[PDB]
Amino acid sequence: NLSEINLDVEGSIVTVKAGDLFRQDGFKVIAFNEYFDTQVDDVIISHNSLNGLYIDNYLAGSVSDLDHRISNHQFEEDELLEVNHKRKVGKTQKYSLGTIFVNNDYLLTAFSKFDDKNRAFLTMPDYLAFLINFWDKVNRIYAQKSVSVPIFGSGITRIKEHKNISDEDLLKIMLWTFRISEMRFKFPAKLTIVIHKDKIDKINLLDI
């Protein structure tokens, strides 16, 4: 019946707290799909998803300006993938999972893959690959800085073969993938995992 716990992981504090991601001070992480889509129409991007809420309610400036900024940005060659020329709707450039686009205090990250068949989806290995690559990026780049994340993949993402996986189990995977990442960093990022305040019932923080 508690709402926050601080965890000593590899000699660094990881906070898990009930609350609202959008209210956190510092960097806040928003999961986009692999095309960094921005069309919120409840089929590509759901109005209910954090991706949709951020664009609809919190993105400063227009969605058009954001597309241009992302379009004209230059990512490492490790992060640009094949262009899906034959797509019905949405952007065409694909990005490697974990790629980050910075937008003010928001870290927009290529999280889920998309296709008309499985819509937003990831294999369990893709999910683990995302976490490792993502944690490695934030720990090298945002060392000693605050980074707040939700429970990645607990929304409408179908993790293939894991339709029913629980929020707590995804939280556990997030935690031990973070442990692995920060093994190689003296000063990692200052991570906070936010559980939507109306969902601390779904999770017993003493289990952790």
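Numbering starts at 1 and follows the sequence shown.
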property	result
Selected stretch [higher average CA B-factor]: 85-93 or 127-135	85-93
Higher-scoring stretch by recorded Cα B factor average, 177-185 or 31-39	31-39
Criterion, highest CA B-factor; candidates, 160, 140, 69, 172	69
Maximum C-alpha temperature factor, selected from 109, 104, 112, 74	74
Within-chain third of residue 164 by Cα B-factor, per the entry	middle
Third of the chain, ranked by Cα B-factor, where residue 200 sits	highest
Residue 64 CA temperature factor, ranked by third within the chain	highest
Cα B factor band for residue 46 (lowest, middle or highest third within the chain)	highest
Cα B factor band for residue 9 (lowest, middle or highest third within the chain)	highest
